[PDB]
Structure formats: C-alpha cells, structure tokens
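Undergrad: Sending over start_0.pdb (PDB, C-alpha atoms).
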MODEL        1
ATOM      1  CA  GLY A 303       6.115  13.972  -2.212  1.00  0.00           C
ATOM      2  CA  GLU A 304       3.719  11.054  -2.572  1.00  0.00           C
ATOM      3  CA  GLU A 305       5.923   9.277  -5.131  1.00  0.00           C
ATOM      4  CA  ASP A 306       8.689   8.323  -2.732  1.00  0.00           C
ATOM      5  CA  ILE A 307       6.468   6.976   0.061  1.00  0.00           C
ATOM      6  CA  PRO A 308       7.265   3.224   0.138  1.00  0.00           C
ATOM      7  CA  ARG A 309       4.314   1.197  -1.106  1.00  0.00           C
ATOM      8  CA  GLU A 310       5.385  -2.173   0.342  1.00  0.00           C
ATOM      9  CA  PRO A 311       3.865  -3.471   3.599  1.00  0.00           C
ATOM     10  CA  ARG A 312       5.813  -2.478   6.692  1.00  0.00           C
ATOM     11  CA  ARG A 313       5.859  -3.759  10.257  1.00  0.00           C
ATOM     12  CA  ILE A 314       5.680  -1.018  12.900  1.00  0.00           C
ATOM     13  CA  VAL A 315       5.877  -1.493  16.682  1.00  0.00           C
ATOM     14  CA  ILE A 316       4.524   1.296  18.873  1.00  0.00           C
ATOM     15  CA  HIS A 317       3.989   1.447  22.608  1.00  0.00           C
ATOM     16  CA  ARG A 318       0.782   2.740  24.143  1.00  0.00           C
ATOM     17  CA  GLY A 319       2.341   4.243  27.282  1.00  0.00           C
ATOM     18  CA  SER A 320       0.133   6.692  29.188  1.00  0.00           C
ATOM     19  CA  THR A 321      -1.141   8.457  26.064  1.00  0.00           C
ATOM     20  CA  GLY A 322      -2.985   6.132  23.676  1.00  0.00           C
ATOM     21  CA  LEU A 323      -1.624   5.058  20.310  1.00  0.00           C
ATOM     22  CA  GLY A 324      -2.094   8.523  18.830  1.00  0.00           C
ATOM     23  CA  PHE A 325      -4.127   7.766  15.714  1.00  0.00           C
ATOM     24  CA  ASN A 326      -7.713   7.191  14.639  1.00  0.00           C
ATOM     25  CA  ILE A 327      -9.019   4.782  12.021  1.00  0.00           C
ATOM     26  CA  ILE A 328     -11.884   4.786   9.547  1.00  0.00           C
ATOM     27  CA  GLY A 329     -13.571   1.746   8.069  1.00  0.00           C
ATOM     28  CA  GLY A 330     -17.009   0.354   7.493  1.00  0.00           C
ATOM     29  CA  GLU A 331     -18.468  -3.114   7.124  1.00  0.00           C
ATOM     30  CA  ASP A 332     -16.548  -6.318   6.356  1.00  0.00           C
ATOM     31  CA  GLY A 333     -14.369  -5.820   3.280  1.00  0.00           C
ATOM     32  CA  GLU A 334     -14.172  -2.016   3.194  1.00  0.00           C
ATOM     33  CA  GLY A 335     -10.679  -1.962   4.733  1.00  0.00           C
ATOM     34  CA  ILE A 336      -9.242  -0.144   7.757  1.00  0.00           C
ATOM     35  CA  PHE A 337      -7.351   3.112   7.214  1.00  0.00           C
ATOM     36  CA  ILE A 338      -5.563   5.626   9.402  1.00  0.00           C
ATOM     37  CA  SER A 339      -7.780   8.721   9.349  1.00  0.00           C
ATOM     38  CA  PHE A 340      -5.958  11.012  11.775  1.00  0.00           C
ATOM     39  CA  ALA A 341      -2.522  11.281  13.407  1.00  0.00           C
ATOM     40  CA  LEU A 342      -2.102  13.102  16.747  1.00  0.00           C
ATOM     41  CA  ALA A 343       0.848  15.505  16.880  1.00  0.00           C
ATOM     42  CA  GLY A 344       3.429  14.070  19.285  1.00  0.00           C
ATOM     43  CA  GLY A 345       1.713  10.727  19.866  1.00  0.00           C
ATOM     44  CA  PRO A 346       3.318   7.312  19.513  1.00  0.00           C
ATOM     45  CA  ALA A 347       2.204   6.814  15.908  1.00  0.00           C
ATOM     46  CA  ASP A 348       3.486  10.269  14.930  1.00  0.00           C
ATOM     47  CA  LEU A 349       6.810   9.847  16.727  1.00  0.00           C
ATOM     48  CA  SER A 350       7.430   6.601  14.843  1.00  0.00           C
ATOM     49  CA  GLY A 351       7.712   8.450  11.541  1.00  0.00           C
ATOM     50  CA  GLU A 352       6.346   5.180  10.155  1.00  0.00           C
ATOM     51  CA  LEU A 353       2.550   5.677  10.109  1.00  0.00           C
ATOM     52  CA  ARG A 354       0.436   8.200   8.242  1.00  0.00           C
ATOM     53  CA  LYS A 355      -3.061   9.092   7.099  1.00  0.00           C
ATOM     54  CA  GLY A 356      -3.955   6.772   4.242  1.00  0.00           C
ATOM     55  CA  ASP A 357      -2.081   3.731   5.533  1.00  0.00           C
ATOM     56  CA  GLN A 358      -4.238   0.621   5.455  1.00  0.00           C
ATOM     57  CA  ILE A 359      -3.948  -1.409   8.665  1.00  0.00           C
ATOM     58  CA  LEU A 360      -3.487  -5.010   7.506  1.00  0.00           C
ATOM     59  CA  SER A 361      -3.051  -6.598  10.926  1.00  0.00           C
ATOM     60  CA  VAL A 362      -2.724  -5.826  14.628  1.00  0.00           C
ATOM     61  CA  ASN A 363      -0.664  -8.202  16.812  1.00  0.00           C
ATOM     62  CA  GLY A 364      -0.788 -10.736  13.997  1.00  0.00           C
ATOM     63  CA  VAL A 365      -4.579 -10.671  13.604  1.00  0.00           C
ATOM     64  CA  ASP A 366      -5.732 -10.078  10.033  1.00  0.00           C
ATOM     65  CA  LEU A 367      -7.850  -6.940   9.615  1.00  0.00           C
ATOM     66  CA  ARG A 368      -8.085  -6.918   5.806  1.00  0.00           C
ATOM     67  CA  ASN A 369     -11.757  -7.924   6.105  1.00  0.00           C
ATOM     68  CA  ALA A 370     -12.512  -6.383   9.497  1.00  0.00           C
ATOM     69  CA  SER A 371     -15.318  -3.949  10.166  1.00  0.00           C
ATOM     70  CA  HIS A 372     -14.499  -0.595  11.751  1.00  0.00           C
ATOM     71  CA  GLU A 373     -15.796  -1.722  15.148  1.00  0.00           C
ATOM     72  CA  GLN A 374     -13.877  -5.022  14.964  1.00  0.00           C
ATOM     73  CA  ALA A 375     -10.614  -3.230  14.165  1.00  0.00           C
ATOM     74  CA  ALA A 376     -11.221  -0.635  16.875  1.00  0.00           C
ATOM     75  CA  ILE A 377     -11.718  -3.335  19.507  1.00  0.00           C
ATOM     76  CA  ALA A 378      -8.562  -5.095  18.333  1.00  0.00           C
ATOM     77  CA  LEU A 379      -6.565  -1.880  18.735  1.00  0.00           C
ATOM     78  CA  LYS A 380      -8.134  -1.107  22.132  1.00  0.00           C
ATOM     79  CA  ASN A 381      -7.311  -4.609  23.427  1.00  0.00           C
ATOM     80  CA  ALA A 382      -3.849  -4.930  21.850  1.00  0.00           C
ATOM     81  CA  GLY A 383      -2.013  -4.198  25.132  1.00  0.00           C
ATOM     82  CA  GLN A 384       0.852  -1.814  25.770  1.00  0.00           C
ATOM     83  CA  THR A 385       2.958  -2.923  22.785  1.00  0.00           C
ATOM     84  CA  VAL A 386       1.171  -2.942  19.449  1.00  0.00           C
ATOM     85  CA  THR A 387       2.676  -4.444  16.284  1.00  0.00           C
ATOM     86  CA  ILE A 388       0.976  -3.100  13.145  1.00  0.00           C
ATOM     87  CA  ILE A 389       1.456  -4.191   9.564  1.00  0.00           C
ATOM     88  CA  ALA A 390       0.517  -1.206   7.415  1.00  0.00           C
ATOM     89  CA  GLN A 391       0.540  -0.513   3.687  1.00  0.00           C
ATOM     90  CA  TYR A 392       0.159   2.906   2.065  1.00  0.00           C
ATOM     91  CA  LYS A 393      -3.127   2.916   0.110  1.00  0.00           C
ATOM     92  CA  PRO A 394      -3.934   6.547  -0.748  1.00  0.00           C
ATOM     93  CA  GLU A 395      -6.336   5.764  -3.567  1.00  0.00           C
ATOM     94  CA  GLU A 396      -8.449   3.419  -1.508  1.00  0.00           C
ATOM     95  CA  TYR A 397      -8.329   5.783   1.478  1.00  0.00           C
ATOM     96  CA  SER A 398      -9.425   8.662  -0.763  1.00  0.00           C
ATOM     97  CA  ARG A 399     -12.859   7.006  -0.991  1.00  0.00           C
ATOM     98  CA  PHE A 400     -13.310   7.596   2.767  1.00  0.00           C
ATOM     99  CA  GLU A 401     -11.761  11.068   3.111  1.00  0.00           C
ATOM    100  CA  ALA A 402     -13.975  13.969   2.022  1.00  0.00           C
TER
ENDMDL
END
Would you write out, as structure tokens, the structure that this file holds?

TA:
Amino acid sequence: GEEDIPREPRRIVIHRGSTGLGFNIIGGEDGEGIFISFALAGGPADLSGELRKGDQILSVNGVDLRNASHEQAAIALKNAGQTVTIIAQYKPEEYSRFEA
C-alpha cells in the first residue's frame, strides 16, 4: 500500500475548469509546510490520479511554498489561474502531525 507510493517530487498539471481544483490544504505559520488535507471525489485533483492526502505542496506555478504559511499558499492556489502546475512530494510522516 504505502510502500509503493513514489517518494520523489512530481510535477502535476491540473485545470480548474468550472469546479475548483478539488482539494483542500492544511498548513500553519512559515516553515510548517503545506499538505493536501482532503481530496474531492471526481474533482480535478482526484481525476489526475497524481495527488493525494499527505502530499506536501512544494510549489504552485513555480512559486516556492516550502516556507509558506497556510494563508499564503491558499492565496497562491486561488490566484493560480485556470491551469495550475503543482510540484508535490509524498510526506506522510510530516502530514501525520497535522491529521488527527
């Protein structure tokens, strides 16, 4: 299950369409990281097969989010336009500190 999920960074392009990107993030203050916290069934992120709960979002449209606050990352995603290029890396241990 978890073992075979690729741990390298990946570049994923999704389109916003008329639906939203189809995922939520969690984060905190600068340095806490930005993680996918929820994936909407049938949304763009889900349909990609390439994004999941526990992925750290490293960048959006080339902008580094490794040290972004939650609000900073959320504004970046909201303003990323109709085509959103995400670099994500699967970080289940770090994400486990946010997920109850």

Undergrad: Return as AutoDock Vina command-line options the box centre and box size in Å, one decimal, for an axis-aligned box around all listed atoms of region 313-318 of chain A padded by 8 Å per side.

TA:
--center_x 3.3 --center_y -0.5 --center_z 17.2 --size_x 21.1 --size_y 22.5 --size_z 29.9

Undergrad: Written as a ChimeraX atom specification, what is the full residue list that the PyMOL selection byres ((chain A and resi 367-384) around 10) yields on the file shown?

TA: /A:316-320,322-323,326-337,358-366,385-389

Undergrad: Could you list, as a PDB file with C-alpha atoms, keeping the file's coordinate frame, every residue within 7 Å of residue 392 (chain A), counting all atoms listed in the file and ignoring same-chain residues fewer than 3 positions away?

TA:
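See selection23.pdb below for the written result:
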ATOM      1  CA  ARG A 309       4.314   1.197  -1.106  1.00  0.00           C
ATOM      2  CA  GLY A 356      -3.955   6.772   4.242  1.00  0.00           C
ATOM      3  CA  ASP A 357      -2.081   3.731   5.533  1.00  0.00           C
ATOM      4  CA  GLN A 358      -4.238   0.621   5.455  1.00  0.00           C
TER       5      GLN A 358
END

Undergrad: For a test of reading the model, state the distance in Å between CA of residue 347 (chain A) and CA of residue 311 (chain A), rounded to one decimal.

TA: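 Separating CA of residue 347 (chain A) from CA of residue 311 (chain A) is a distance of 16.1 Å.
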
Undergrad: If we count all atoms listed in the file and set the cut-off at 12 Å, which residues sit around residue 354 (chain A), ignoring sequence neighbours fewer than 3 positions away in its own chain? Please answer as an MDAnalysis selection string.

TA: chainID A and resid 304 307:308 314 324:327 337:343 345:351 357:359 390:394 397

Undergrad: Can you save chain A of the given block to a file, including C-alpha atoms and formatted as a short mmCIF file (atom, residue, chain, number, x, y, z; two decimals), in the first residue's frame?

TA:
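Saved file part.cif follows:
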data_model
loop_
_atom_site.label_atom_id
_atom_site.label_comp_id
_atom_site.auth_asym_id
_atom_site.auth_seq_id
_atom_site.Cartn_x
_atom_site.Cartn_y
_atom_site.Cartn_z
CA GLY A 303 0.00 0.00 0.00
CA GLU A 304 2.04 2.93 1.28
CA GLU A 305 5.36 1.32 0.33
CA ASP A 306 4.94 1.63 -3.42
CA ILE A 307 3.79 5.27 -3.47
CA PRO A 308 6.66 7.11 -5.23
CA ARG A 309 8.53 9.34 -2.79
CA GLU A 310 10.26 11.55 -5.37
CA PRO A 311 8.88 15.02 -6.22
CA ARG A 312 6.44 15.02 -9.11
CA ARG A 313 5.09 17.74 -11.37
CA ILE A 314 1.30 17.66 -11.82
CA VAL A 315 -0.77 19.93 -14.08
CA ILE A 316 -4.48 20.24 -13.34
CA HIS A 317 -7.09 22.53 -14.81
CA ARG A 318 -9.55 24.45 -12.66
CA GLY A 319 -12.46 24.39 -15.12
CA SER A 320 -15.87 25.24 -13.63
CA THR A 321 -15.35 23.18 -10.47
CA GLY A 322 -12.35 24.31 -8.41
CA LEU A 323 -9.16 22.31 -8.06
CA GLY A 324 -10.86 19.67 -5.92
CA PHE A 325 -8.58 19.56 -2.88
CA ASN A 326 -8.01 21.37 0.40
CA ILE A 327 -4.72 22.12 2.12
CA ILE A 328 -3.56 22.39 5.71
CA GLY A 329 -0.59 24.37 6.97
CA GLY A 330 0.29 26.86 9.63
CA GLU A 331 2.89 29.58 10.00
CA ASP A 332 6.07 29.98 7.94
CA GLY A 333 8.03 26.72 7.93
CA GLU A 334 5.28 24.27 8.91
CA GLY A 335 4.78 23.09 5.32
CA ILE A 336 1.68 22.85 3.11
CA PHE A 337 -0.10 19.50 2.80
CA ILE A 338 -3.11 18.17 0.95
CA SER A 339 -5.73 17.56 3.65
CA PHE A 340 -8.73 16.48 1.57
CA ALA A 341 -9.46 15.25 -1.96
CA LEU A 342 -12.92 15.76 -3.52
CA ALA A 343 -14.34 12.70 -5.27
CA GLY A 344 -14.43 13.41 -9.01
CA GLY A 345 -12.58 16.73 -8.89
CA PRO A 346 -9.56 17.67 -10.98
CA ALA A 347 -7.02 16.61 -8.34
CA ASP A 348 -8.77 13.25 -7.88
CA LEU A 349 -9.10 12.59 -11.60
CA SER A 350 -5.37 13.15 -12.05
CA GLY A 351 -4.56 10.04 -10.03
CA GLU A 352 -1.43 12.02 -9.15
CA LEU A 353 -2.36 13.88 -5.93
CA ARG A 354 -3.36 12.54 -2.53
CA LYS A 355 -3.82 13.37 1.13
CA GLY A 356 -0.37 13.70 2.67
CA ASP A 357 1.34 15.17 -0.38
CA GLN A 358 3.38 18.24 0.50
CA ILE A 359 2.85 21.07 -1.98
CA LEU A 360 6.36 22.33 -2.79
CA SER A 361 5.39 24.94 -5.37
CA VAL A 362 2.47 26.34 -7.34
CA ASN A 363 3.14 27.80 -10.82
CA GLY A 364 6.83 27.83 -9.98
CA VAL A 365 6.46 29.75 -6.71
CA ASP A 366 8.15 28.07 -3.75
CA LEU A 367 5.76 27.17 -0.93
CA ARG A 368 8.18 25.18 1.25
CA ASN A 369 8.17 28.06 3.76
CA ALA A 370 4.70 29.44 3.04
CA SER A 371 2.02 29.96 5.65
CA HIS A 372 -1.38 28.35 5.12
CA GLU A 373 -2.95 31.66 4.08
CA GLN A 374 -0.07 32.44 1.68
CA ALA A 375 -0.38 29.05 -0.01
CA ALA A 376 -4.17 29.34 -0.19
CA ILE A 377 -3.94 32.71 -1.94
CA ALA A 378 -1.38 31.31 -4.37
CA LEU A 379 -3.73 28.45 -5.26
CA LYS A 380 -6.75 30.77 -5.55
CA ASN A 381 -4.86 33.12 -7.89
CA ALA A 382 -3.06 30.45 -9.94
CA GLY A 383 -5.45 30.78 -12.92
CA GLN A 384 -7.20 28.05 -14.87
CA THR A 385 -4.11 25.85 -15.33
CA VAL A 386 -2.21 25.04 -12.16
CA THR A 387 1.20 23.32 -12.15
CA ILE A 388 1.97 21.75 -8.76
CA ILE A 389 5.18 20.14 -7.60
CA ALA A 390 4.20 17.69 -4.87
CA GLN A 391 6.11 15.19 -2.74
CA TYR A 392 4.55 12.45 -0.61
CA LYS A 393 5.31 13.25 3.05
CA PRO A 394 3.03 11.05 5.19
CA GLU A 395 5.08 11.34 8.36
CA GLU A 396 5.16 15.10 8.32
CA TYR A 397 1.48 15.27 7.34
CA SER A 398 0.62 12.92 10.22
CA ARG A 399 1.47 15.76 12.62
CA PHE A 400 -1.47 17.75 11.20
CA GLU A 401 -4.05 14.97 10.77
CA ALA A 402 -5.84 13.89 13.95
#
